[PDB]
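Here the structure is laid out as structure tokens; the discussion comes afterwards.
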Amino acid sequence: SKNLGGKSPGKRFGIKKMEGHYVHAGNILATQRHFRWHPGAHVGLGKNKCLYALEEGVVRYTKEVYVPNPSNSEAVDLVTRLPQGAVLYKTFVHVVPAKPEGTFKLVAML
Amino acid sequence: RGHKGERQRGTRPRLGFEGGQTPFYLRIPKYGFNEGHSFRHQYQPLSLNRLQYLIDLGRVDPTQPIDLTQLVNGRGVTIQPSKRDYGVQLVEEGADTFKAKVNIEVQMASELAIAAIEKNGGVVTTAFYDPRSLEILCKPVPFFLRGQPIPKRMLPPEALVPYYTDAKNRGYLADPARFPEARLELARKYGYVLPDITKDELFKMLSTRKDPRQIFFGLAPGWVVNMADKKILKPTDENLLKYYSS
RNA sequence: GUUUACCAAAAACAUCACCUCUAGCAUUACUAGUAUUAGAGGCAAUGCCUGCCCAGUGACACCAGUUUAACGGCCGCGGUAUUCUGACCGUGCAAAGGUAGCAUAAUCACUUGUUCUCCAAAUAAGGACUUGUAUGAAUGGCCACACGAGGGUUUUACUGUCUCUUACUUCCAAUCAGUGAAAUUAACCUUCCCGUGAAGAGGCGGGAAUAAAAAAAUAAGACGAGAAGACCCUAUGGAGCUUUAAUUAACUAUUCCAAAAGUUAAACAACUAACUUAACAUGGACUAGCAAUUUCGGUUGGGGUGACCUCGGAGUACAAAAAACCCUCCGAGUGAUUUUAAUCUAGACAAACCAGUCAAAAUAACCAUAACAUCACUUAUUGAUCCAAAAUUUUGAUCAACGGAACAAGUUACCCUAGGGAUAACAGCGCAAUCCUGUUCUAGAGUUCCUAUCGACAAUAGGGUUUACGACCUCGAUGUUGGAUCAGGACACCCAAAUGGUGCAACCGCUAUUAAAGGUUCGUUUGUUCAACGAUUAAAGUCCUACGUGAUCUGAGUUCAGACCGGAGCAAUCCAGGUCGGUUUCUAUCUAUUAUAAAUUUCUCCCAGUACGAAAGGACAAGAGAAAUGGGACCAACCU
RNA sequence: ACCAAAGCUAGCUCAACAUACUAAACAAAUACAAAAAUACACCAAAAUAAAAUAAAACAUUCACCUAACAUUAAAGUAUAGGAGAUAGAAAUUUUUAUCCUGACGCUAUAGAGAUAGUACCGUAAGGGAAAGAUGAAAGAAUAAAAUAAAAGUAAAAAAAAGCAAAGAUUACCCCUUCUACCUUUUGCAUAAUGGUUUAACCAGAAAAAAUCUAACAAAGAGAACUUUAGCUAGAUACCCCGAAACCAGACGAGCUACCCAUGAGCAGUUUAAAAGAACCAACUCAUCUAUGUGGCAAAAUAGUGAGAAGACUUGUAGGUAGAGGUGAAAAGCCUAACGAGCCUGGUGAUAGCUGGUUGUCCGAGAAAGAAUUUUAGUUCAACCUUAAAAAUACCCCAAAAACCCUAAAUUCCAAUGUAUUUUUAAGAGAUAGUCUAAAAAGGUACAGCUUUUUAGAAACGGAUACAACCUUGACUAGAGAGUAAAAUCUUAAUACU
Ligand SMILES: Nc1nc2c(ncn2[C@@H]2O[C@H](COP(=O)(O)O)[C@@H](O)[C@H]2O)c(=O)[nH]1
Ligand SMILES: [Mg+2]
Ligand SMILES: [Mg+2]
Ligand SMILES: [Mg+2]
Ligand SMILES: [Mg+2]
Ligand SMILES: [Mg+2]
Ligand SMILES: [Mg+2]
Ligand SMILES: [Mg+2]
Ligand SMILES: [Mg+2]
Ligand SMILES: [Mg+2]
Ligand SMILES: [Mg+2]
Ligand SMILES: [Mg+2]
Ligand SMILES: [Mg+2]
Ligand SMILES: [Mg+2]
Ligand SMILES: [Mg+2]
Ligand SMILES: [Mg+2]
Ligand SMILES: [Mg+2]
Ligand SMILES: [Mg+2]
Ligand SMILES: [Mg+2]
Ligand SMILES: [Mg+2]
Ligand SMILES: [Mg+2]
Ligand SMILES: [Mg+2]
Ligand SMILES: [Mg+2]
Ligand SMILES: [Mg+2]
Ligand SMILES: [Mg+2]
Ligand SMILES: [Mg+2]
Ligand SMILES: [Mg+2]
Ligand SMILES: [Mg+2]
Ligand SMILES: [Mg+2]
Ligand SMILES: [Mg+2]
Ligand SMILES: [Mg+2]
Ligand SMILES: [Mg+2]
Ligand SMILES: [Mg+2]
Ligand SMILES: [Mg+2]
Ligand SMILES: [Mg+2]
Ligand SMILES: [Mg+2]
Ligand SMILES: [Mg+2]
Ligand SMILES: [Mg+2]
Ligand SMILES: [Mg+2]
Ligand SMILES: [Mg+2]
Ligand SMILES: [Mg+2]
Ligand SMILES: [Mg+2]
Ligand SMILES: [Mg+2]
Ligand SMILES: [Mg+2]
Ligand SMILES: [Mg+2]
Ligand SMILES: [Mg+2]
Ligand SMILES: [Mg+2]
Ligand SMILES: [Mg+2]
Ligand SMILES: [Mg+2]
Ligand SMILES: [Mg+2]
Ligand SMILES: [Mg+2]
Ligand SMILES: [Mg+2]
Ligand SMILES: [Mg+2]
Ligand SMILES: [Mg+2]
Ligand SMILES: [Mg+2]
Ligand SMILES: [Mg+2]
Ligand SMILES: [Mg+2]
Ligand SMILES: [Mg+2]
Ligand SMILES: [Mg+2]
Ligand SMILES: [Mg+2]
Ligand SMILES: [Mg+2]
Ligand SMILES: [Mg+2]
Ligand SMILES: [Mg+2]
Ligand SMILES: [Mg+2]
Ligand SMILES: [Mg+2]
Ligand SMILES: [Mg+2]
Ligand SMILES: [Mg+2]
Ligand SMILES: [Mg+2]
Ligand SMILES: [Mg+2]
Ligand SMILES: [Mg+2]
Ligand SMILES: [Mg+2]
Ligand SMILES: [Mg+2]
Ligand SMILES: [Mg+2]
Ligand SMILES: [Mg+2]
Ligand SMILES: [Mg+2]
Ligand SMILES: [Mg+2]
Ligand SMILES: [Mg+2]
Ligand SMILES: [Mg+2]
Ligand SMILES: [Mg+2]
Ligand SMILES: [Mg+2]
Ligand SMILES: [Mg+2]
Ligand SMILES: [Mg+2]
Ligand SMILES: [Mg+2]
Ligand SMILES: [Mg+2]
Ligand SMILES: [Mg+2]
Ligand SMILES: [Mg+2]
Ligand SMILES: [Mg+2]
Ligand SMILES: [Mg+2]
Ligand SMILES: [Mg+2]
Ligand SMILES: [Mg+2]
Ligand SMILES: [Mg+2]
Ligand SMILES: [Mg+2]
Ligand SMILES: [Mg+2]
Ligand SMILES: [Mg+2]
Ligand SMILES: [Mg+2]
Ligand SMILES: [Mg+2]
Ligand SMILES: [Mg+2]
Ligand SMILES: [Mg+2]
Ligand SMILES: [Mg+2]
Ligand SMILES: [Mg+2]
Ligand SMILES: [Mg+2]
Ligand SMILES: [Mg+2]
Ligand SMILES: [Mg+2]
Ligand SMILES: [Mg+2]
Ligand SMILES: [Mg+2]
Ligand SMILES: [Mg+2]
Ligand SMILES: [Mg+2]
Ligand SMILES: [Mg+2]
Ligand SMILES: [Mg+2]
Ligand SMILES: [Mg+2]
Ligand SMILES: [Mg+2]
Ligand SMILES: [Mg+2]
Ligand SMILES: [Mg+2]
Ligand SMILES: [Mg+2]
Ligand SMILES: [Mg+2]
Ligand SMILES: [Mg+2]
Ligand SMILES: [Mg+2]
Ligand SMILES: [Mg+2]
Ligand SMILES: [Mg+2]
Ligand SMILES: [Mg+2]
Ligand SMILES: [Mg+2]
Ligand SMILES: [Mg+2]
Ligand SMILES: [Mg+2]
Ligand SMILES: [Mg+2]
Ligand SMILES: [Mg+2]
Ligand SMILES: [Mg+2]
Ligand SMILES: [Mg+2]
Ligand SMILES: [Mg+2]
Ligand SMILES: [Mg+2]
Ligand SMILES: [Mg+2]
Ligand SMILES: [Mg+2]
Ligand SMILES: [Mg+2]
Ligand SMILES: [Mg+2]
Ligand SMILES: [Mg+2]
Ligand SMILES: [Mg+2]
Ligand SMILES: [Mg+2]
Ligand SMILES: [Mg+2]
Ligand SMILES: [Mg+2]
Ligand SMILES: [Mg+2]
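Next comes the structure, spelled out in structure tokens:
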């Protein structure tokens, strides 16, 4: 026949943890083919463009201003051609850290 | 039985078979895990905890020297040579609580275990038994009904020689010149005063050894135990006595 | 002459004759033979003949080379005689390019080629023409005598084959007497209609009908009885046959090395080897014969043919995930480059399993607090165990049927078994693409004029004949084309009747309405339904009924086993291809059924050569008769 | 009241022991064609077992499989294997006499096939039955005694109407209400399968892990082992019938195919002729038709035909044997079925395929994602069942989830209403699907069509009938009651002087 090989399974791209959930460091928050959600505070980016928590805490989603890295040609060009009042916005994922960094304990009284 | 199919008729395939897709137990690669397992040496562990508990209830008595046969007879331990058990090994589980004073002979021991016995003024020695030897040693009375002489005790194989030649391990083949030195070294390391075994009243029992070629205490290779008459029989022949005593 | 004992007697086989091959020979065949012989085959007497090819494949010759009365093959394109043709010309390719003959044939289709003869009429038969682009010369080609339970055609004659049946005997038959089977059988207290329903009802629904029982008859139904369908498909079910399938023994011949028995020189040059072999006969090889073992991947709107089978992107799948199709579209089975991209480990994604994915901290590398190889839509660029090679640590599959059998093809109509209505062919049912009917709309045809007769582009609705499509009942059988017999029904009327309109003067016609009681021929050819043709008819209707009707018939045709011909295939075998031939069972249990009548149509003669017409032509109604068919009867005569 | 019914014996089965192991009977006759007293010879012999099957195919492999060495262990260990299916040691260990032999074995469809290897069936090898019932006495038959209970009949035919009954009823019918049962299926009154009926026979078997009960317990077991509460014991479990085949060895050529020996037939007519000439009998064939089709006959009868001195018919005796033979090739014939005989054994072959699978009552209860020579099957998930541990489970308001346009709606979650959900241990079935509503795709914007996604259903009430539409949280009894869905649908109209 003319048509061939359209058959491949779904990649299960999606968003694994949702706003308000609790996460432990290293949990994958989302996974994606293109950037849909960008990594925010305490969220690491994988090389496959997936987002994972770097700290134990609570997941939050947010809209924010997007200021691309000047080493990236394309994005800088896109930003440069904008009308003067305009500002790019994107969607971000953060983890609000829950536990205190550490505590001070009494070891020994000399 | 369900309905039609292979199952109602009784014929469903063998166990590992997955329906023709390459079976799970065969797609995994072979790797030595159990490789040469039958030839590995197996030492049944005996903690100081259990040894102490055994002495306390008077199953084994610390008075006379404690070797494998004594442990077996108290049912403190169980050896099955057929499974390639090469004997008892001593582990340190009860070291801190161990107060008894013993002369003990095991086939392997750990530094900490040894130290724990020395501190109380006893003596540990690691001896080797070959499979046949071991079998006879654990169950002597069934051996004596066998009507055979008492065989020589074999030596360790080349792998285990460096173990039994070291005073580190209080090896039965070790050079007794090194013994007091290493024995003191232990006491440096674990910080306890090493008692003088020489000045004790039970000392004659504490120094008691076996010949490296001898299975029991006070019997000798080549004798024969007639248990109905309560007699021992010994070879007077020259060749026999040369063979058994070599 | 022979053959399928029990469905085929033939065109099959054999056969005289003619041809190829193979053998130079002795006590069990051939053969008590000896090349004018004997085996292995081909072809089919006789007659005229048997053309060209050794490139392939064989077989000789163990290689060259030779062989076609060995397997087998024997072509194009362009330009030319004023014109169709193409003697001639050009050129390509082949081992040779189909020669003689015959030819619409028992020869793919076109095909019922064309024409003549035969018949009142022929798809038949015979004679010619003939590119048969698929004839053709010992897998033989062409004539011919005689022969044939072979297959076709004509004439005579004969006849109950038929028009169109009839009488009488015998056996069966029915009654009486004696004896006394078979398949079959859920139970039956066993109706008809329409509806319904696993899509065809004695049993459901709605109606109708209905004292009970024998005996005799008919076969429409009981998807009647028979035989776990022979067609079709499926099964990691068989078997037979053939090989260019994959693995390869024994045996039979060949060839060789070794074994075994031997034999020669005392070898050659200057200052140990080589050769031999009578019959047996061993071990290891070689080449063949004859064989042995085993297999035919799946998906598929039945199988087959074709196509596909793994991985990714987009749609289908509109916003978390997932999500099918022999669904719609693009891709992948890698390049290029240097930044040559380490070890170890919290936690997760994903997930049947196997596989896949991210990743903090910590070490070590390097600026001396220096870990994401980059680009091509970046997503995909891939493959398990075992096992082999490597030696230190790795590498190896269009295993592409891509979760992968270490290595196996055809064919069966000679088939077999197990099943399947889970799946085709017949029939039903659904649907209505195709088909058929009507109406709606008028641009146009009709000299003028849309609708006398038609009617493009389109519209609305029905019917359920065709070819399909679907796979719902039946594969422990619902036996299939056309005839015969008997027909039941619809009306969408062919004839008969009554009318409307006419581009209806009359006769004819062309249309439209109403009407289904009754009718609707005989022949030549085809198996045929169609169709052509001859002769008629008042007319020779269109359809439905399991393309009505095989427990009533037929069997020409399709669809088994035999055989030819053309073609495909190395072969076995095969073709919706032609041709010849080929077993059609049933004693009726149940339902159902087993005779009232009260015509129908033609044609003559009148009507009148009037009505009507320029004439040619030429009526309707009313009125007299005759026939035929159909219903119902009957023998005086005729005839049997 | 017939047909019938009932016995308890015949013997058997499995072991024990045991001497030792071809019984009994032999006058004659027995290996001529066994049972036939008597004439110069011959006589004798061996070659690996194979395959069905398992590997879900099949090619190496596939325990046991007519060879003495037992037992407790080592041990299902070392090893061997398309390193797959499976196969599998040894060293080394253990074993105390003789008597106490019988039976939670059968009772005539059982137990031996057995009253018998007989009758009978096969040419042969070979296959192989059925059958008994009185009593102390039948040297008690005008005979005496206890069942009279199967289907089938008789005593006694039937009377509108309907799966044959049930509600009932004074009353048998008449009335009303119910589409046999198994199997198989998406779905069966089905016109799909099976059964005349009765009796007797006729089909779930195993203890690794587990659960339950108990002993003793850091140990337990009457040796060999296992043990971080275990060990030991007990109890809980996994069918029946069926191919075509394949392999080995016997038996078959008295039918038939072809041979070898040895006999026998062919009259009349026509011809110089006994010439695979002619006419036509006997004889041999088997053309065409009709009968017949459980027949006279497992291939015939009646007519009609073909040959009829030959490649002719035919008797008797002999031969060739299944990987074979024989063949004027029909893949014909080889003892009524030959694409390869028959019989016995291998054999309880093997069937993912069809059929069958036997008391009562109760608790819960299932429609398909993935691989697969796989889509007629399996094995994993998801559901589910039985126990057991727990703690949250559904329902879920804001807030939150993308870049051009985009709906119904999803995801995720407090509260709140409920009592569910998750883990742990066991365990199968199922994995061949229908219609309805919705979103789409394919097709003809066709199908009772096909392929996915969400939802529903599979009444004993309603839609006359009805699978899937609608009503309805399926218990028992009642001669109470209230409700639900639900039963005829409307229109049929055109005057314009
Ligand atoms: N390429 C490849 N072949 C293998 C492998 N394992 C086994 N084989 C098989 O081993 C055999 C080697 O012999 P070959 O046919 O290659 O000469 C083949 O049948 C091959 O299929 C593998 O891992 N890779
Ligand atoms: Mg896709
Ligand atoms: Mg998919
Ligand atoms: Mg069943
Ligand atoms: Mg099934
Ligand atoms: Mg142990
Ligand atoms: Mg015949
Ligand atoms: Mg014959
Ligand atoms: Mg003939
Ligand atoms: Mg015949
Ligand atoms: Mg011939
Ligand atoms: Mg000649
Ligand atoms: Mg000739
Ligand atoms: Mg020639
Ligand atoms: Mg050649
Ligand atoms: Mg040549
Ligand atoms: Mg000619
Ligand atoms: Mg033709
Ligand atoms: Mg030709
Ligand atoms: Mg030829
Ligand atoms: Mg030819
Ligand atoms: Mg002649
Ligand atoms: Mg003739
Ligand atoms: Mg003849
Ligand atoms: Mg003939
Ligand atoms: Mg007559
Ligand atoms: Mg009678
Ligand atoms: Mg009746
Ligand atoms: Mg009906
Ligand atoms: Mg009714
Ligand atoms: Mg009715
Ligand atoms: Mg009938
Ligand atoms: Mg019928
Ligand atoms: Mg029938
Ligand atoms: Mg069948
Ligand atoms: Mg058939
Ligand atoms: Mg067939
Ligand atoms: Mg299969
Ligand atoms: Mg097979
Ligand atoms: Mg080959
Ligand atoms: Mg084999
Ligand atoms: Mg195939
Ligand atoms: Mg298939
Ligand atoms: Mg198809
Ligand atoms: Mg179809
Ligand atoms: Mg193909
Ligand atoms: Mg997950
Ligand atoms: Mg790091
Ligand atoms: Mg595959
Ligand atoms: Mg696959
Ligand atoms: Mg996959
Ligand atoms: Mg395999
Ligand atoms: Mg044929
Ligand atoms: Mg069959
Ligand atoms: Mg069907
Ligand atoms: Mg189906
Ligand atoms: Mg049919
Ligand atoms: Mg058809
Ligand atoms: Mg039909
Ligand atoms: Mg059909
Ligand atoms: Mg039908
Ligand atoms: Mg319609
Ligand atoms: Mg006009
Ligand atoms: Mg019809
Ligand atoms: Mg259709
Ligand atoms: Mg379907
Ligand atoms: Mg059928
Ligand atoms: Mg039937
Ligand atoms: Mg009629
Ligand atoms: Mg009409
Ligand atoms: Mg008329
Ligand atoms: Mg009519
Ligand atoms: Mg039809
Ligand atoms: Mg018909
Ligand atoms: Mg017919
Ligand atoms: Mg009929
Ligand atoms: Mg044909
Ligand atoms: Mg004939
Ligand atoms: Mg024919
Ligand atoms: Mg008939
Ligand atoms: Mg009758
Ligand atoms: Mg009749
Ligand atoms: Mg008139
Ligand atoms: Mg005139
Ligand atoms: Mg008449
Ligand atoms: Mg197998
Ligand atoms: Mg099986
Ligand atoms: Mg097989
Ligand atoms: Mg075997
Ligand atoms: Mg090996
Ligand atoms: Mg395998
Ligand atoms: Mg018996
Ligand atoms: Mg018997
Ligand atoms: Mg009775
Ligand atoms: Mg009634
Ligand atoms: Mg069905
Ligand atoms: Mg089912
Ligand atoms: Mg029903
Ligand atoms: Mg039906
Ligand atoms: Mg019926
Ligand atoms: Mg049905
Ligand atoms: Mg049937
Ligand atoms: Mg039925
Ligand atoms: Mg069935
Ligand atoms: Mg069936
Ligand atoms: Mg049944
Ligand atoms: Mg029946
Ligand atoms: Mg157990
Ligand atoms: Mg059970
Ligand atoms: Mg085989
Ligand atoms: Mg087989
Ligand atoms: Mg004979
Ligand atoms: Mg004569
Ligand atoms: Mg003659
Ligand atoms: Mg006759
Ligand atoms: Mg006659
Ligand atoms: Mg005659
Ligand atoms: Mg004659
Ligand atoms: Mg003649
Ligand atoms: Mg004979
Ligand atoms: Mg064979
Ligand atoms: Mg043969
Ligand atoms: Mg013959
Ligand atoms: Mg032939
Ligand atoms: Mg044939
Ligand atoms: Mg036979
Ligand atoms: Mg079976
Ligand atoms: Mg299957
Ligand atoms: Mg259910
Ligand atoms: Mg495969
Ligand atoms: Mg499962
Ligand atoms: Mg919300
Ligand atoms: Mg919640
Ligand atoms: Mg299935
Ligand atoms: Mg459907
Ligand atoms: Mg659903
Ligand atoms: Mg109802
Ligand atoms: Mg309910
Ligand atoms: Mg309910």
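If you're matching them up, the sequences are chains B0 and BP in order. Residue numbers for the first sequence, in the entry's author numbering: 39 to 148. Residue numbers for the second sequence, in the entry's author numbering: 51 to 296. From the three backbone atoms N, C-alpha and C, an ideal C-beta is built for every residue, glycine too.
1. Do the segment 215 to 225 of chain BP and the segment 282 to 289 of chain BP meet, that is, are 3 or more Cβ pairs less than 8 Å apart?
2. If you compare alpha carbons, which of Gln102 (chain BP), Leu107 (chain BP), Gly137 (chain BP) is closest to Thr119 (chain BP)?
3. Nearest-angstrom Cα distance between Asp180 (chain BP) and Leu140 (chain BP)?
4. Kindly identify the DSSP beta-bridge partner or partners of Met277 (chain BP).
5. Confirm the yes/no value for this check: CB of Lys54 (chain BP), any heavy atom of ligand 4, distance under 7 Å.
6. For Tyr60 (chain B0), count the other beta carbons within 10 Å of its own beta carbon; 16 or more makes it buried, fewer makes it exposed. Which is it?
7. Kindly indicate which three-state DSSP category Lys128 (chain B0) falls into: helix, strand or coil?
8. Do you know whose CA, among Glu161 (chain BP), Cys188 (chain BP), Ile186 (chain BP), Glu155 (chain BP), lies nearest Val174 (chain BP)'s CA?
9. Report yes or no: do three or more beta-carbon pairs, one from the segment 91 to 100 of chain BP and one from the segment 120 to 131 of chain BP, lie closer than 8 Å?
10. Relative to the alpha-carbon of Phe267 (chain BP), which residue among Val274 (chain BP), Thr258 (chain BP), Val275 (chain BP), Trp273 (chain BP) has its alpha-carbon at the smallest distance?
11. Between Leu144 (chain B0), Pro135 (chain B0), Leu148 (chain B0), which lies nearest to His62 (chain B0) when the distance is taken from Cα to Cα?
12. Would you kindly work out how many angstroms separate the C-alpha atoms of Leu162 (chain BP) and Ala224 (chain BP), rounded to a whole number?
Taking the structure as given:
1. In this structure the segment 215 to 225 of chain BP does not touch the segment 282 to 289 of chain BP; the number of beta carbon pairs closer than 8 Å is below three.
2. The shortest Cα separation from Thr119 (chain BP) among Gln102 (chain BP), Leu107 (chain BP), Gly137 (chain BP) belongs to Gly137 (chain BP).
3. The alpha-carbon atoms of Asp180 (chain BP) and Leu140 (chain BP) are separated by roughly 18 Å.
4. Partner(s): none; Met277 (chain BP) has no beta bridge.
5. For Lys54 (chain BP), the CB falls within less than 7 Å of some heavy atom of ligand 4.
6. Exposed, by the Cβ-count rule.
7. DSSP places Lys128 (chain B0) in strand when its eight states are reduced to three.
8. The shortest C-alpha separation from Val174 (chain BP) is found at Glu155 (chain BP).
9. A contact is defined here as three or more CB-CB pairs under 8 Å, and the segment 91 to 100 of chain BP meets this definition with respect to the segment 120 to 131 of chain BP.
10. Looking at the Cα atoms, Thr258 (chain BP) is the closest of the given residues.
11. Here the closest residue by C-alpha is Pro135 (chain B0).
12. The alpha-carbon of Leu162 (chain BP) is positioned some 19 Å away from that of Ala224 (chain BP).
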